[PDB]
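> Submitted below is the structure of interest, expressed as C-alpha cells.
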Amino acid sequence: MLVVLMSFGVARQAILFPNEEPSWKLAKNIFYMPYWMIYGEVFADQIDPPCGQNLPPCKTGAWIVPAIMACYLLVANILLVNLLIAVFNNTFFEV
Amino acid sequence: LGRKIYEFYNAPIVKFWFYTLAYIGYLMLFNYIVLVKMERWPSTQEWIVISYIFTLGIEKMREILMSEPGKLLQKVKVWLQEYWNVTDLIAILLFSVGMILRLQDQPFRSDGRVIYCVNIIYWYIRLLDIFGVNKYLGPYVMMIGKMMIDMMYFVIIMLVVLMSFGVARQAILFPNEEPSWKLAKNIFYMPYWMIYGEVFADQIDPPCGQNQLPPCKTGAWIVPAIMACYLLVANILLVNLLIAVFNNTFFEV
Amino acid sequence: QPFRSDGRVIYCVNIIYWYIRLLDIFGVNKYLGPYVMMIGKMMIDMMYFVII
Ligand SMILES: CC(C)CCC[C@@H](C)[C@H]1CC[C@H]2[C@@H]3CC=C4C[C@@H](OC(=O)CCC(=O)O)CC[C@]4(C)[C@H]3CC[C@]12C
Ligand SMILES: CC(C)CCC[C@@H](C)[C@H]1CC[C@H]2[C@@H]3CC=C4C[C@@H](OC(=O)CCC(=O)O)CC[C@]4(C)[C@H]3CC[C@]12C
Ligand SMILES: CC(C)CCC[C@@H](C)[C@H]1CC[C@H]2[C@@H]3CC=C4C[C@@H](OC(=O)CCC(=O)O)CC[C@]4(C)[C@H]3CC[C@]12C
Ligand SMILES: CC(C)CCC[C@@H](C)[C@H]1CC[C@H]2[C@@H]3CC=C4C[C@@H](OC(=O)CCC(=O)O)CC[C@]4(C)[C@H]3CC[C@]12C
Ligand SMILES: CC(C)CCC[C@@H](C)[C@H]1CC[C@H]2[C@@H]3CC=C4C[C@@H](OC(=O)CCC(=O)O)CC[C@]4(C)[C@H]3CC[C@]12C
Ligand SMILES: CC(C)CCC[C@@H](C)[C@H]1CC[C@H]2[C@@H]3CC=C4C[C@@H](OC(=O)CCC(=O)O)CC[C@]4(C)[C@H]3CC[C@]12C
C-alpha cells in the first residue's frame, strides 16, 4: 500500500497545488486524504472541483488527478485488499 | 584495503545495496523536486535528478551494446523481450521530453511539470521490481502480477453495467441538453465512484417542484430503482465474484 | 407531448437491456465466456440473500 498510496499522494499534491514554498505540510497532504479513501470516503467534493466557469483558474491541465485516482482506487480498494482476503483465507487453515 | 575494498564492492549483494540505496535517494530527491516550485533555471536537486536519468539511459545503452549476440538487431530483440527494460526506455524517454519542455518558457513549463509528475508515478512502481530480493515479498508481487489478468475480466464486465446505468441516469435525469462532450464525462463520472463508497446522497432523489425546484423531468422516479439494482449488481454480484476468482487463482499462484 | 416525454423514458429503459445483451457477444471468447457462465450460477445464490 505504501508504495502505491505514496505514488498517488505525491502525484495529487503536485498536479493540483502547483506553486508552494517548501514546507512540512506537503508530506501531510500526501499522507492525508489518499489514505482515508481506502476506507470508504472518496472525498467527493474535493474531486473534480468545478473550474473556470463564471472561481480560481484551472491549476494546470489537471485532468490527470481524477483519472489516476480512479486507477488508484481500483488498484487499492479492489486488487490489493482482495489479495489480503485471499492470503488470509489460504493461510487460515494452515494456522 | 585494496583487496577488501575491491572484493567487497564487487560482491553482488553489496552492489545491490548500492543500487537500491541510490535509487531510494533518487526517489527522495525527485519527491522534493516535484513538490516544490520550480524557477526558470533548474535547481541543484533537479540537476542531480536529470543526471540520474541520463546516466541510467547511458547504462541501458551500455548493456544493449554489451549483450551476448553479435548482430545489433539481435541484441535489440534480446533487450525488448524483458518487460521492465522496455518500461525503462519509455519512461527515460518521457522524462527526456519533460526536460526539453521544462527548459523552455511558459506555457510549456506547466506541461513539463505535469510530465515530471507522470514520471513520479512510474518511478514509484519500479520499487516493485526493486522489492524482488525478499523471499517473502517476491511471491506477493508475482501474485499481483497473476491477479491482474483476472482484473481484466472484472473490469470489462463492470464497464457494461456502469455504462448501462450511466446512459440511463444521463438521459432520464437530464432531459434537454445540446450535443456536447460533457455527456461522456457525466456517463463515467457519477456512476463510478459509487462502487467504492460515496453514493452521492444529495445527488440521488432530489425533491422536485415544492417550496421551488424545477418540476422533475419526464419519469425520473425510475433512476433510484435502477440505481438500487446497479448497486446490488456491482457491489455484491461482481466484486464478490472477483473475491472468489482471486481465492481459487491465488491458491495455485 | 407529453407522450413525447414518456416516449423518451421507455427508449431509455431499453438501452439497459441492449447493453446487457453485449454479454452474449462476450460469451464467444475462450475466457470471458466462462466468466459470464459463473455469473448466472451465482445469481440464484443472491436470490436467497435478497429475501434474507
Ligand atoms: C516521502 C517522504 C518520506 C519524504 C518527503 C521529503 C520532503 C517532504 C521533506 C524532506 C526535506 C524537508 C524540508 C527540510 C527542511 C525544511 C526547512 C524549514 O524551514 C523553516 O522552517 C523556515 C525556513 C526559513 O524561513 O528560513 C521548512 C520545511 C523544510 C523546507 C522541509 C519541508 C519538507 C521536506 C522538503
Ligand atoms: C514508514 C511508515 C510506517 C511511517 C511513516 C511516518 C511518517 C510518514 C509521519 C510520522 C511523523 C509525521 C510528521 C509529524 C509532524 C509533522 C509536522 C507538521 O508541520 C507543522 O505542523 C509545521 C508547519 C505548519 O504548521 O505550517 C507537518 C507534518 C509532519 C512533518 C508529519 C509528516 C508525516 C510524518 C513524518
Ligand atoms: C470509468 C473509468 C475509466 C474512469 C474514467 C474517469 C475519467 C474519464 C473522467 C472522470 C472525471 C473526469 C473529469 C471531470 C471534470 C473535468 C473538468 C473539465 O474542466 C474544464 O472544462 C476546464 C475549463 C477551464 O479551462 O477553465 C475538463 C474535463 C474534466 C477534467 C474531466 C475529464 C474526464 C474525467 C477525468
Ligand atoms: C458510450 C460511449 C462509448 C460513446 C458515447 C458517444 C458520445 C458521448 C460522443 C460520440 C461522438 C461525440 C460527438 C462528436 C463531435 C461533436 C461536435 C461538437 O461540435 C461543436 O463543439 C461545435 C458545434 C457547433 O456549434 O456547430 C459537439 C459535440 C459532438 C456532437 C460530440 C458529442 C459527444 C459524442 C456524441
Ligand atoms: C475503456 C476504459 C478503460 C477507458 C475509457 C476512456 C475514455 C472513455 C475517457 C478517457 C478520456 C476521456 C475524455 C477526457 C476529456 C474530455 C473533455 C471534456 O470536454 C471539455 O472539458 C470541454 C467542454 C466543456 O467543458 O464545456 C468532456 C469529457 C471528455 C471528452 C472525456 C470523455 C471520456 C474519455 C474519452
Ligand atoms: C429491495 C431492494 C432490491 C430495493 C429497495 C429500494 C426501493 C424499493 C426504493 C429505493 C428508492 C425508491 C424510490 C425513490 C423515489 C421515488 C420517486 C417517487 O415519486 C415522487 O415522490 C413523486 C414526485 C415528487 O413529488 O417527488 C415515487 C417513488 C420512488 C420511485 C421510490 C420507489 C421505491 C424505491 C425504488
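Chain labels follow the order of the C-alpha cells: the first chain is A, the next B, and so on; residue numbering restarts at 1 in every chain, and ligands are counted from 1 in their shown order.
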How would you write, as a PyMOL selection string, the set of residues no farther than 8 Å from ligand 2 when counting only C-alpha atoms and all ligand atoms?
chain A and resi 2+23-28+31
> Pull N, CA, C and O atoms from the residues just selected and write them as a PDB file, in the first residue's frame.

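Final output, selection26.pdb:
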```
ATOM      1  N   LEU A   2       1.915   1.281   0.892  1.00  0.00           N
ATOM      2  CA  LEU A   2       2.743   2.490   0.965  1.00  0.00           C
ATOM      3  C   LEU A   2       3.308   2.899  -0.384  1.00  0.00           C
ATOM      4  O   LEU A   2       3.310   4.089  -0.711  1.00  0.00           O
ATOM      5  N   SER A  23       7.683  23.366   2.661  1.00  0.00           N
ATOM      6  CA  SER A  23       7.092  23.368   3.993  1.00  0.00           C
ATOM      7  C   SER A  23       6.707  21.935   4.328  1.00  0.00           C
ATOM      8  O   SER A  23       6.615  21.088   3.438  1.00  0.00           O
ATOM      9  N   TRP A  24       6.500  21.659   5.618  1.00  0.00           N
ATOM     10  CA  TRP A  24       6.335  20.270   6.022  1.00  0.00           C
ATOM     11  C   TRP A  24       4.896  19.778   5.851  1.00  0.00           C
ATOM     12  O   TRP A  24       4.662  18.569   5.947  1.00  0.00           O
ATOM     13  N   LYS A  25       3.942  20.687   5.588  1.00  0.00           N
ATOM     14  CA  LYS A  25       2.554  20.316   5.286  1.00  0.00           C
ATOM     15  C   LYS A  25       2.422  19.424   4.059  1.00  0.00           C
ATOM     16  O   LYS A  25       1.421  18.714   3.923  1.00  0.00           O
ATOM     17  N   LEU A  26       3.381  19.481   3.140  1.00  0.00           N
ATOM     18  CA  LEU A  26       3.305  18.759   1.873  1.00  0.00           C
ATOM     19  C   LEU A  26       3.296  17.249   2.080  1.00  0.00           C
ATOM     20  O   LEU A  26       2.524  16.530   1.434  1.00  0.00           O
ATOM     21  N   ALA A  27       4.122  16.769   3.013  1.00  0.00           N
ATOM     22  CA  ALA A  27       4.137  15.348   3.351  1.00  0.00           C
ATOM     23  C   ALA A  27       2.817  14.921   3.983  1.00  0.00           C
ATOM     24  O   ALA A  27       2.315  13.818   3.727  1.00  0.00           O
ATOM     25  N   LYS A  28       2.242  15.793   4.815  1.00  0.00           N
ATOM     26  CA  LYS A  28       0.940  15.544   5.420  1.00  0.00           C
ATOM     27  C   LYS A  28      -0.134  15.472   4.349  1.00  0.00           C
ATOM     28  O   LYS A  28      -1.047  14.661   4.444  1.00  0.00           O
ATOM     29  N   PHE A  31       0.184  12.051   2.703  1.00  0.00           N
ATOM     30  CA  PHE A  31      -0.252  11.006   3.616  1.00  0.00           C
ATOM     31  C   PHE A  31      -1.617  11.241   4.211  1.00  0.00           C
ATOM     32  O   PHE A  31      -2.064  10.436   5.030  1.00  0.00           O
TER      33      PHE A  31
END
```
> Per residue of chain B within 9 Å of ligand 6, note the shortest atom pair and the distance in Å to one decimal, counting only C-alpha atoms and all ligand atoms, and order the rows by chain and increasing residue number, as CSV.

```
residue,atom,partner,partner_atom_place_in_ligand_line,distance
B:204,CA,ligand 6,14 (C),8.7
B:205,CA,ligand 6,15 (C),5.9
B:206,CA,ligand 6,26 (O),7.4
B:207,CA,ligand 6,26 (O),4.7
B:208,CA,ligand 6,26 (O),4.9
B:209,CA,ligand 6,25 (O),6.7
B:210,CA,ligand 6,25 (O),7.5
B:215,CA,ligand 6,23 (C),8.6
B:216,CA,ligand 6,23 (C),7.1
B:219,CA,ligand 6,19 (O),8.8
B:220,CA,ligand 6,17 (C),7.4
B:221,CA,ligand 6,17 (C),4.1
B:222,CA,ligand 6,30 (C),5.6
B:223,CA,ligand 6,30 (C),7.8
B:224,CA,ligand 6,11 (C),4.7
B:225,CA,ligand 6,35 (C),3.9
B:226,CA,ligand 6,35 (C),7.7
B:227,CA,ligand 6,11 (C),8.2
B:228,CA,ligand 6,4 (C),5.8
B:229,CA,ligand 6,3 (C),6.4
B:232,CA,ligand 6,3 (C),7.6
```
> Those same residues, written as a short mmCIF file (atom, residue, chain, number, x, y, z; two decimals), in the first residue's frame with N, CA and C atoms?

```
data_model
loop_
_atom_site.label_atom_id
_atom_site.label_comp_id
_atom_site.auth_asym_id
_atom_site.auth_seq_id
_atom_site.Cartn_x
_atom_site.Cartn_y
_atom_site.Cartn_z
N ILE B 204 -28.81 12.02 -5.53
CA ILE B 204 -29.80 10.99 -5.79
C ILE B 204 -31.08 11.35 -5.05
N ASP B 205 -32.22 11.12 -5.72
CA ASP B 205 -33.54 11.55 -5.28
C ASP B 205 -33.65 12.97 -4.70
N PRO B 206 -33.41 14.01 -5.50
CA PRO B 206 -33.77 15.34 -5.03
C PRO B 206 -35.27 15.52 -5.05
N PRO B 207 -35.84 16.22 -4.08
CA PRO B 207 -37.27 16.53 -4.14
C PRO B 207 -37.55 17.51 -5.28
N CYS B 208 -38.65 17.29 -5.99
CA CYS B 208 -38.97 18.10 -7.15
C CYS B 208 -40.23 18.93 -6.93
N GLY B 209 -40.17 20.18 -7.41
CA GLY B 209 -41.32 21.06 -7.51
C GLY B 209 -42.06 21.40 -6.23
N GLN B 210 -41.33 21.79 -5.18
CA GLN B 210 -42.01 22.19 -3.95
C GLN B 210 -41.19 23.21 -3.18
N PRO B 215 -39.70 21.36 -12.00
CA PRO B 215 -40.54 20.15 -11.99
C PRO B 215 -39.82 18.97 -12.62
N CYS B 216 -39.65 17.93 -11.80
CA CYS B 216 -38.74 16.83 -12.09
C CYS B 216 -39.11 16.06 -13.35
N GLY B 219 -40.06 10.96 -16.31
CA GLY B 219 -40.40 9.90 -15.39
C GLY B 219 -39.24 9.55 -14.49
N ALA B 220 -38.55 10.57 -13.96
CA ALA B 220 -37.26 10.42 -13.28
C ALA B 220 -37.30 9.72 -11.93
N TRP B 221 -38.46 9.19 -11.54
CA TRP B 221 -38.56 8.32 -10.39
C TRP B 221 -37.84 6.99 -10.60
N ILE B 222 -37.54 6.62 -11.84
CA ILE B 222 -37.00 5.29 -12.13
C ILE B 222 -35.52 5.20 -11.75
N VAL B 223 -34.83 6.34 -11.70
CA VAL B 223 -33.38 6.40 -11.50
C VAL B 223 -32.96 5.86 -10.13
N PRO B 224 -33.66 6.14 -8.99
CA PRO B 224 -33.33 5.39 -7.76
C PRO B 224 -33.48 3.87 -7.83
N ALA B 225 -34.46 3.35 -8.57
CA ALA B 225 -34.68 1.91 -8.60
C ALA B 225 -33.61 1.19 -9.43
N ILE B 226 -33.34 1.70 -10.63
CA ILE B 226 -32.27 1.16 -11.46
C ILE B 226 -30.91 1.44 -10.84
N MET B 227 -30.82 2.51 -10.05
CA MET B 227 -29.66 2.75 -9.19
C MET B 227 -29.49 1.66 -8.15
N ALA B 228 -30.59 1.27 -7.51
CA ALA B 228 -30.58 0.22 -6.50
C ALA B 228 -30.13 -1.10 -7.09
N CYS B 229 -30.68 -1.43 -8.27
CA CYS B 229 -30.29 -2.63 -8.99
C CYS B 229 -28.82 -2.57 -9.39
N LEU B 232 -26.63 -3.17 -6.19
CA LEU B 232 -26.61 -4.60 -5.89
C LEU B 232 -25.73 -5.36 -6.87
#
```
> Per residue of chain A within 8 Å of chain B, note the shortest atom pair and the distance in Å to one decimal, counting only C-alpha atoms, and order the rows by chain and increasing residue number, as a tab-separated table.

```
residue	atom	partner	partner_atom	distance
A:3	CA	B:124	CA	6.5
A:4	CA	B:125	CA	7.1
A:6	CA	B:124	CA	7.9
A:7	CA	B:121	CA	5.4
A:8	CA	B:121	CA	7.1
A:10	CA	B:31	CA	7.2
A:11	CA	B:117	CA	5.7
A:13	CA	B:35	CA	7.0
A:14	CA	B:35	CA	5.5
A:15	CA	B:114	CA	6.5
A:18	CA	B:37	CA	6.9
A:19	CA	B:37	CA	4.8
A:20	CA	B:37	CA	5.6
A:21	CA	B:36	CA	6.2
A:22	CA	B:36	CA	5.8
A:26	CA	B:35	CA	7.3
A:40	CA	B:197	CA	4.9
A:41	CA	B:197	CA	6.3
A:42	CA	B:198	CA	6.6
A:44	CA	B:198	CA	7.2
A:60	CA	B:110	CA	6.4
A:61	CA	B:111	CA	7.5
A:73	CA	B:196	CA	7.6
A:77	CA	B:196	CA	7.3
A:78	CA	B:239	CA	7.9
A:79	CA	B:147	CA	7.3
A:80	CA	B:144	CA	7.7
A:82	CA	B:243	CA	6.0
A:83	CA	B:246	CA	7.1
A:85	CA	B:243	CA	7.4
A:86	CA	B:247	CA	4.8
A:87	CA	B:250	CA	7.6
A:89	CA	B:247	CA	7.6
A:90	CA	B:251	CA	6.9
```
> Could you save the residues just selected, with C-alpha atoms, as a PDB file, in the first residue's frame?

```
ATOM      1  CA  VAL A   3       4.302   2.345  -2.494  1.00  0.00           C
ATOM      2  CA  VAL A   4       1.037   2.668  -4.473  1.00  0.00           C
ATOM      3  CA  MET A   6       2.611   7.286  -1.922  1.00  0.00           C
ATOM      4  CA  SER A   7       2.590   7.300  -5.739  1.00  0.00           C
ATOM      5  CA  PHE A   8      -0.888   8.779  -5.925  1.00  0.00           C
ATOM      6  CA  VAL A  10       2.832  12.710  -4.478  1.00  0.00           C
ATOM      7  CA  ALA A  11       1.074  12.987  -7.845  1.00  0.00           C
ATOM      8  CA  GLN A  13      -0.091  17.151  -4.382  1.00  0.00           C
ATOM      9  CA  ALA A  14       1.972  18.035  -7.440  1.00  0.00           C
ATOM     10  CA  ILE A  15      -0.785  18.453 -10.081  1.00  0.00           C
ATOM     11  CA  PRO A  18       1.498  23.809  -8.464  1.00  0.00           C
ATOM     12  CA  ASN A  19       3.369  26.580  -6.574  1.00  0.00           C
ATOM     13  CA  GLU A  20       4.322  26.211  -2.921  1.00  0.00           C
ATOM     14  CA  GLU A  21       7.322  27.260  -0.945  1.00  0.00           C
ATOM     15  CA  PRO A  22       8.925  24.214   0.763  1.00  0.00           C
ATOM     16  CA  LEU A  26       3.305  18.759   1.873  1.00  0.00           C
ATOM     17  CA  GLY A  40     -14.841   4.487   2.321  1.00  0.00           C
ATOM     18  CA  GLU A  41     -14.718   8.273   1.963  1.00  0.00           C
ATOM     19  CA  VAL A  42     -13.558   9.230  -1.527  1.00  0.00           C
ATOM     20  CA  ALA A  44     -16.118  13.517  -3.368  1.00  0.00           C
ATOM     21  CA  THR A  60      -2.695  23.089 -14.975  1.00  0.00           C
ATOM     22  CA  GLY A  61      -4.281  20.547 -17.280  1.00  0.00           C
ATOM     23  CA  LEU A  73      -8.983   3.327  -6.180  1.00  0.00           C
ATOM     24  CA  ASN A  77      -9.733  -0.965  -2.954  1.00  0.00           C
ATOM     25  CA  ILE A  78     -10.026  -3.966  -5.247  1.00  0.00           C
ATOM     26  CA  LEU A  79      -6.808  -5.835  -6.213  1.00  0.00           C
ATOM     27  CA  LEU A  80      -4.601  -5.419  -3.064  1.00  0.00           C
ATOM     28  CA  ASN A  82      -8.871  -8.692  -2.266  1.00  0.00           C
ATOM     29  CA  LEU A  83      -5.342 -10.131  -2.276  1.00  0.00           C
ATOM     30  CA  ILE A  85      -8.690 -11.549   1.518  1.00  0.00           C
ATOM     31  CA  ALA A  86      -7.277 -14.485  -0.454  1.00  0.00           C
ATOM     32  CA  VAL A  87      -3.993 -14.583   1.504  1.00  0.00           C
ATOM     33  CA  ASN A  89      -8.160 -17.364   3.522  1.00  0.00           C
ATOM     34  CA  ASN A  90      -5.454 -19.757   2.341  1.00  0.00           C
TER      35      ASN A  90
END
```
> Return the single residue from C:34, C:28, C:50, C:16 that is closest to chain B, with distances computed using only C-alpha atoms.
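Once distances to chain B are computed over only C-alpha atoms, the minimum belongs to C:16.
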> What does the distance between atom CA of residue 52 of chain B and atom CA of residue 108 of chain B come to in Å, to one decimal place?
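One can read the atom CA of residue 52 of chain B to atom CA of residue 108 of chain B distance as 23.0 Å.
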> Find the residues near ligand 4. Use a cut-off of 12 Å, count only C-alpha atoms and all ligand atoms, and write them as a PDB file with N, CA and C atoms, in the first residue's frame.

```pdb
ATOM      1  N   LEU B 159     -17.662  -2.462 -16.858  1.00  0.00           N
ATOM      2  CA  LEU B 159     -17.928  -1.396 -17.842  1.00  0.00           C
ATOM      3  C   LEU B 159     -19.355  -1.565 -18.353  1.00  0.00           C
ATOM      4  N   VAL B 160     -19.706  -2.766 -18.788  1.00  0.00           N
ATOM      5  CA  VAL B 160     -21.052  -2.973 -19.387  1.00  0.00           C
ATOM      6  C   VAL B 160     -22.097  -2.424 -18.420  1.00  0.00           C
ATOM      7  N   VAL B 161     -22.038  -2.822 -17.155  1.00  0.00           N
ATOM      8  CA  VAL B 161     -23.101  -2.406 -16.195  1.00  0.00           C
ATOM      9  C   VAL B 161     -23.005  -0.901 -15.881  1.00  0.00           C
ATOM     10  N   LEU B 162     -21.842  -0.422 -15.453  1.00  0.00           N
ATOM     11  CA  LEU B 162     -21.676   1.020 -15.161  1.00  0.00           C
ATOM     12  C   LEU B 162     -22.252   1.791 -16.336  1.00  0.00           C
ATOM     13  N   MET B 163     -21.712   1.545 -17.521  1.00  0.00           N
ATOM     14  CA  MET B 163     -22.159   2.341 -18.683  1.00  0.00           C
ATOM     15  C   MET B 163     -23.687   2.251 -18.758  1.00  0.00           C
ATOM     16  N   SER B 164     -24.258   1.077 -18.498  1.00  0.00           N
ATOM     17  CA  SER B 164     -25.726   0.938 -18.650  1.00  0.00           C
ATOM     18  C   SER B 164     -26.417   1.929 -17.713  1.00  0.00           C
ATOM     19  N   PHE B 165     -26.030   1.977 -16.443  1.00  0.00           N
ATOM     20  CA  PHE B 165     -26.674   2.996 -15.581  1.00  0.00           C
ATOM     21  C   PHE B 165     -26.248   4.328 -16.103  1.00  0.00           C
ATOM     22  N   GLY B 166     -24.971   4.446 -16.443  1.00  0.00           N
ATOM     23  CA  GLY B 166     -24.545   5.777 -16.828  1.00  0.00           C
ATOM     24  C   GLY B 166     -25.404   6.413 -17.896  1.00  0.00           C
ATOM     25  N   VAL B 167     -25.710   5.638 -18.950  1.00  0.00           N
ATOM     26  CA  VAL B 167     -26.585   6.133 -20.013  1.00  0.00           C
ATOM     27  C   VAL B 167     -27.951   6.469 -19.444  1.00  0.00           C
ATOM     28  N   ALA B 168     -28.477   5.581 -18.600  1.00  0.00           N
ATOM     29  CA  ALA B 168     -29.850   5.764 -18.147  1.00  0.00           C
ATOM     30  C   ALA B 168     -29.989   6.936 -17.184  1.00  0.00           C
ATOM     31  N   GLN B 170     -27.993   9.535 -17.220  1.00  0.00           N
ATOM     32  CA  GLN B 170     -27.816  10.693 -18.086  1.00  0.00           C
ATOM     33  C   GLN B 170     -29.043  11.103 -18.884  1.00  0.00           C
ATOM     34  N   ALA B 171     -29.795  10.141 -19.403  1.00  0.00           N
ATOM     35  CA  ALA B 171     -30.948  10.525 -20.207  1.00  0.00           C
ATOM     36  C   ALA B 171     -32.147  10.870 -19.333  1.00  0.00           C
ATOM     37  N   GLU B 177     -30.444  18.525 -23.013  1.00  0.00           N
ATOM     38  CA  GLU B 177     -29.166  19.140 -23.329  1.00  0.00           C
ATOM     39  C   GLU B 177     -28.840  19.014 -24.809  1.00  0.00           C
ATOM     40  N   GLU B 178     -27.802  19.741 -25.178  1.00  0.00           N
ATOM     41  CA  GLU B 178     -27.374  20.027 -26.533  1.00  0.00           C
ATOM     42  C   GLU B 178     -26.134  19.170 -26.729  1.00  0.00           C
ATOM     43  N   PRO B 179     -25.838  18.737 -27.981  1.00  0.00           N
ATOM     44  CA  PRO B 179     -24.651  17.893 -28.216  1.00  0.00           C
ATOM     45  C   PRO B 179     -23.319  18.456 -27.737  1.00  0.00           C
ATOM     46  N   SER B 180     -22.699  17.746 -26.796  1.00  0.00           N
ATOM     47  CA  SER B 180     -21.520  18.215 -26.079  1.00  0.00           C
ATOM     48  C   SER B 180     -20.773  17.010 -25.526  1.00  0.00           C
ATOM     49  N   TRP B 181     -19.492  17.212 -25.209  1.00  0.00           N
ATOM     50  CA  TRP B 181     -18.661  16.119 -24.720  1.00  0.00           C
ATOM     51  C   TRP B 181     -18.816  15.891 -23.216  1.00  0.00           C
ATOM     52  N   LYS B 182     -19.467  16.820 -22.493  1.00  0.00           N
ATOM     53  CA  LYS B 182     -19.797  16.631 -21.073  1.00  0.00           C
ATOM     54  C   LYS B 182     -20.661  15.410 -20.804  1.00  0.00           C
ATOM     55  N   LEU B 183     -21.402  14.933 -21.807  1.00  0.00           N
ATOM     56  CA  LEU B 183     -22.233  13.749 -21.621  1.00  0.00           C
ATOM     57  C   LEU B 183     -21.381  12.519 -21.322  1.00  0.00           C
ATOM     58  N   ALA B 184     -20.195  12.437 -21.927  1.00  0.00           N
ATOM     59  CA  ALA B 184     -19.289  11.326 -21.653  1.00  0.00           C
ATOM     60  C   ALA B 184     -18.646  11.456 -20.269  1.00  0.00           C
ATOM     61  N   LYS B 185     -18.313  12.687 -19.867  1.00  0.00           N
ATOM     62  CA  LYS B 185     -17.750  12.883 -18.535  1.00  0.00           C
ATOM     63  C   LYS B 185     -18.786  12.532 -17.487  1.00  0.00           C
ATOM     64  N   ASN B 186     -20.039  12.875 -17.745  1.00  0.00           N
ATOM     65  CA  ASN B 186     -21.091  12.546 -16.802  1.00  0.00           C
ATOM     66  C   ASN B 186     -21.453  11.066 -16.852  1.00  0.00           C
ATOM     67  N   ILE B 187     -21.198  10.426 -17.998  1.00  0.00           N
ATOM     68  CA  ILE B 187     -21.568   8.986 -18.161  1.00  0.00           C
ATOM     69  C   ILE B 187     -20.634   8.155 -17.271  1.00  0.00           C
ATOM     70  N   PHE B 188     -19.351   8.522 -17.218  1.00  0.00           N
ATOM     71  CA  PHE B 188     -18.420   7.826 -16.330  1.00  0.00           C
ATOM     72  C   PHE B 188     -18.083   8.606 -15.064  1.00  0.00           C
TER      73      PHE B 188
ATOM     74  N   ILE C  15     -32.130   0.687 -23.341  1.00  0.00           N
ATOM     75  CA  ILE C  15     -30.679   0.599 -23.519  1.00  0.00           C
ATOM     76  C   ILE C  15     -30.045  -0.087 -22.309  1.00  0.00           C
ATOM     77  N   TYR C  19     -27.587  -3.044 -23.561  1.00  0.00           N
ATOM     78  CA  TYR C  19     -26.212  -3.131 -23.091  1.00  0.00           C
ATOM     79  C   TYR C  19     -25.912  -4.519 -22.560  1.00  0.00           C
TER      80      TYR C  19
END
```
> Mind listing the residues within 7 Å of ligand 3, only C-alpha atoms and all ligand atoms counted, as a ChimeraX atom specification?
/A:48,50-53,57-58,62-67,70 /B:185,188-189,192
> Keeping only C-alpha atoms, write the selected residues to a file as a tab-separated table (two decimals), in the first residue's frame.

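Saved as part_25.tsv:
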```
chain	number	residue	atom	x	y	z
A	48	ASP	CA	-13.34	17.26	-9.85
A	50	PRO	CA	-15.57	23.00	-10.87
A	51	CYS	CA	-13.14	25.31	-12.56
A	52	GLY	CA	-13.00	28.39	-14.77
A	53	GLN	CA	-16.77	28.87	-15.01
A	57	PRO	CA	-8.31	29.43	-12.51
A	58	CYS	CA	-7.55	25.88	-13.57
A	62	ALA	CA	-5.45	18.95	-14.00
A	63	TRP	CA	-7.46	16.22	-15.77
A	64	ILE	CA	-4.82	13.69	-14.66
A	65	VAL	CA	-5.99	13.70	-11.00
A	66	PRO	CA	-9.48	12.06	-11.31
A	67	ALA	CA	-8.17	9.52	-13.84
A	70	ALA	CA	-9.71	6.19	-10.40
B	185	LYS	CA	-17.75	12.88	-18.54
B	188	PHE	CA	-18.42	7.83	-16.33
B	189	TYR	CA	-18.42	10.46	-13.57
B	192	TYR	CA	-18.30	5.11	-11.00
```
> Pick out the chain C residues within 8 Å of chain B. Count only C-alpha atoms. Give them as a ChimeraX atom specification.
/C:5-6,9,12-13,15-16,19-20,22-23,32,35,39,42-43,46
> How would you write, as a PyMOL selection string, the set of residues in segment 27-81 of chain A that DSSP gives as helix (DSSP H, G or I)?
chain A and resi 27-31+35-38+64-81
> Interatomic distance between atom CA of residue 201 of chain B and atom CA of residue 230 of chain B?
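About the pair atom CA of residue 201 of chain B and atom CA of residue 230 of chain B: they are 15.0 Å apart.
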> Choose the residue, out of A:17, A:47, A:30, A:35, that has the smallest atom-to-atom separation from ligand 1; count only C-alpha atoms and all ligand atoms.
A:30
> Rounded to one decimal place, report the atom CA of residue 37 of chain C-atom CA of residue 84 of chain A distance in Å.
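Calculated distance between atom CA of residue 37 of chain C and atom CA of residue 84 of chain A is 26.1 Å.
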